[PDB]
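Here the structure comes first, spelled out in structure tokens, and everything after it is commentary.
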Amino acid sequence: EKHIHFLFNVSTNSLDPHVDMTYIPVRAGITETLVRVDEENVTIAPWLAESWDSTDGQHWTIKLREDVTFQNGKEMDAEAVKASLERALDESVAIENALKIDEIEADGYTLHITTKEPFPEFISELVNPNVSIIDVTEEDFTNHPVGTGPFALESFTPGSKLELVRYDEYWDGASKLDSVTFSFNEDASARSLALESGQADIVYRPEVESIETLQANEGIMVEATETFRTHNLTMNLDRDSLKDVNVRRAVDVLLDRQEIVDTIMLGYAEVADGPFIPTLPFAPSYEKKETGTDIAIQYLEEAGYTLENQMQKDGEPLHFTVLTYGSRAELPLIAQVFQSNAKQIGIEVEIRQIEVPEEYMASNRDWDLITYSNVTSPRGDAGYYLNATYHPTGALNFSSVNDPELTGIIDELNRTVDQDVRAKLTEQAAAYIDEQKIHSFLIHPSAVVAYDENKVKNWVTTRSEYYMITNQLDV
Ligand SMILES: [Ca+2]
């Protein structure tokens with residue numbers, strides 16, 4: 012018998028893919044979405060749906076595959092998909108408010124969806140594991156979701172494990188796995204042990220101090236992958252210091268990104284050359300740059316700052333107040349390293365450990381930089397991020413960022429339906445954000461997986477982090 016025990020990060024007492032928020036239904040391979048993020052190109056690809064169109068971004072048309080069936084056997088047709096979408100809008104306010112769906116008419120396998128208003132980024136919302144398609148003619152959602160995954164649910168123990176049996180008629184080709192145990196444990200080293208003791212085959216996010224021990228075990232492999240989140244120093248352009256391009260350029264060099272990968276992240280991360288990961292279809296190639304305490308001086312010089320007896325221009329000291337916070341324990345360390353480099357070069361930094369990012373609007377005033385963090389391309393689209401962080405009106409715009417050329421692009425971008433041009437515009441906004449150095453992008457933290465190399469075949473660690481248990485896995 013072919014069995015895989017996968018031991019997961021996070022627990023849950025529900026398997027309602029609509030209320031859940033842990034995305035476990037999709038993670039354990041019960042459940043799937045109309046549309047996915049392709050592992051090869053990192054773009055929005057059809058899964059449950061074959062294709063889509065929108066002349067105008069408001070009237071959307073989705074053709075679905077004619078060959079899919081739910082685990083219980085029933086056909087998956089537009090009506091079924093209507094039901095599921097609907098059950099999902101009437102059950103989660105988050106889903107309701109994000110999908111923006113006015114109406115959904117059904118016929119055969121095509122669907123007609125009308126968003127409240129033109130929603131160019133509508134399709135990318137269907138990637139959300141939340142909107143995974145389930146059979147609604149099947150009542151026990153907390154404990155028994157019936158979806159289209161390669162694994163049907165056998166049994167469920169809230170707060171503990173779930174049990175899954177291969178589904179024999181899975182539309183994309185049946186697992187060779189006889190069965191999977193998908194279980195949860197919130198303690199990182201408990202996880203490490205479980206793998207070591209051989210009580211688990213695959214562990215997600217194993218302990219960082221231990222990672223050294225396991226790795227070394229004869230037969231255990233650890234993979235790591237780039238995620239969509241990026242760490243950065245977010246700047247405050249309402250400050251005169253930073254209104255200068257070269258003052259920014261300089262901050263951008265004061266930190267040695269590789270040393271963050273190693274001295275702090277421990278290797279559990281990758282250098283960011285920007286907000287977007289290289290593999291994305293809309294990421295720029297970047298000139299490969301040298302960046303240390305030396306190179307800082309040169310930019311700060313061009314800007315008009317020399318070190319006298322303290323960096324200064326004219327009569328006033330150069331300094332920054334760099335906020336940081338608790339929620340992410342490596343951030344305060346980047347903070348402390350930044351101030352250690354600042355001082356080598358003439359600059360004092362007040363490191364202020366704030367709690368919450370609300371402070372930026374309230375404290376408003378004082379602060380120059382914050383050791384911050386965003387997911388920039390949550391399901392292959394960067395339109396929300398960019399608009400939020402860069403457009404004058406942007407919800408998250410706290411650096412009083414307002415560059416009309418940029419706003420130019422974001423504007424066309426928000427009025428643009430076609431996936432390939434959305435792509436072209438994002439590269440430009442990216443490019444432009446580089447040239448003008450609007451923030452400093454430090455690292456991309458890694459999702460990390462460890463597993464028994466000799467039992468487990470074809471584990472892929474996915475960037476979206478939505479995909480873990482899948483038909484491809486074997487023992
Ligand atoms: Ca069977």
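According to the deposited numbering, the residues represented by the sequence shown are 12 to 320, 322 to 487, in order. By construction, the Cβ of each residue, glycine as well, lies at the ideal position given by its N, Cα and C atoms.
1. Sorry if obvious, but does the Cβ on residue 179 come closer than 8 Å to a heavy atom of ligand 1?
2. If you follow the beta strand (DSSP E) that residue 120 is in, where does it begin and where does it stop?
3. Alpha carbons only, please: which of 247, 339 and 342 is nearest the one belonging to residue 449?
4. Beta-carbon separation of residue 442 and residue 295 under 9 Å?
5. Name the two residues that bound the continuous beta strand (DSSP E) containing residue 472.
6. Have a look at residue 43 and residue 228 and give me their C-alpha separation to the nearest angstrom.
7. Check whether the region 456-464 touches the region 256-271, counting contact only when three or more Cβ pairs, one atom from each stretch, lie closer than 8 Å.
8. Which residues bound the beta strand (DSSP E) around residue 74?
9. Cutting at 7 Å between CB atoms, please list the residues of its own chain near residue 211, excluding the five before and the five after it.
10. From the DSSP output, read off the bridge partner residues of residue 329.
11. Which of helix, strand or coil does DSSP assign to residue 158?
12. Short of 6 Å in beta carbon distance, which residues of its chain neighbour residue 379, apart from the five on each side in sequence? Order them along the chain.
13. In this structure, does DSSP put residue 463 in helix, strand or coil?
14. To which residues does DSSP link residue 172 through a beta bridge?
15. Taking contact to mean at least 3 C-beta pairs separated by less than 8 Å, is the region 22-39 in contact with the region 408-424?
16. If we ignore side chains and look at the alpha-carbon of each, how far apart do residue 83 and residue 183 end up?
17. Applying the 10 Å Cβ sphere with the 16-neighbour rule, what's the burial state of residue 28?
18. What are the uninterrupted segments assigned as beta strand (DSSP E) that are 3 or more residues long and contained completely in the region 376-464, given in chain order?
19. CB-CB under 7 Å to residue 446, same chain, minus the five flanking residues each way: which ones, in chain order?
20. Suppose you measure from the CA of residue 165 to the CA of residue 190; what does that come to, to the nearest Å?
21. Just the C-alpha distance for residue 374 and residue 404, rounded to the nearest angstrom, thanks.
22. What does the Cβ neighbour count give for residue 427, buried or exposed, with the cut at 16 atoms within 10 Å?
23. Roughly how many angstroms separate the alpha carbons of residue 90 and residue 207, rounded to a whole number?
24. Looking at C-alpha atoms only, which residue of 425, 391, 390 and 383 is the closest neighbour of residue 402?
25. List the whole-angstrom C-beta distance separating residue 159 from residue 59, where the pair is believed to meet the contact cut-off of C-beta under 8 Å.
26. Let's test the definition: count the other Cβ atoms within 10 Å of the Cβ of residue 326 and tell me whether it reaches 16, buried, or not, exposed.
27. Does the region 117-128 touch the region 59-72, meaning 3 or more C-beta pairs lie closer than 8 Å?
28. Is residue 236 helix, strand or coil by DSSP?
29. Let me know if residue 103 comes out buried or exposed under the rule of 16 or more other beta-carbons within 10 Å of its beta-carbon.
30. Is the region 339-348 close to the region 297-315, with three or more CB pairs under 8 Å?
31. Taking the beta carbon of residue 393 as the centre, do at least 16 other beta carbons fall within 10 Å, making it buried, or is it exposed?
32. Could you check which residue in 265, 324, 245 and 216 has the C-alpha nearest to that of residue 280?
33. Apart from the five residues on each side of it in sequence, which residues of its chain come closer than 7 Å, Cβ to Cβ, to residue 200?
This is what the structure gives:
1. Correct: residue 179 has its Cβ closer than 8 Å to ligand 1.
2. Here residue 120 belongs to no beta strand (DSSP E), and DSSP marks it neither H nor E.
3. Nearest in C-alpha terms to residue 449, of all of 247, 339 and 342, is 247.
4. yes
5. First-last for residue 472: undefined, no H or E at that position.
6. 35 Å
7. No, because fewer than three Cβ pairs between the region 456-464 and the region 256-271 fall closer than 8 Å, the two stretches do not touch.
8. 70-75
9. 16, 18 and 205
10. 324
11. strand
12. 247, 333 and 335
13. Strand at residue 463.
14. 168 and 194
15. no
16. Answer to the nearest angstrom: the Cα atoms are 16 Å apart.
17. buried
18. 381-387 and 455-464
19. 285, 295 and 297
20. Each residue's Cα considered, the two are about 10 Å apart.
21. 18 Å
22. exposed
23. If you take the alpha carbons of residue 90 and residue 207, they lie about 47 Å apart.
24. 425
25. 7 Å
26. Exposed.
27. yes
28. strand
29. buried
30. no
31. buried
32. 216
33. 218 and 221
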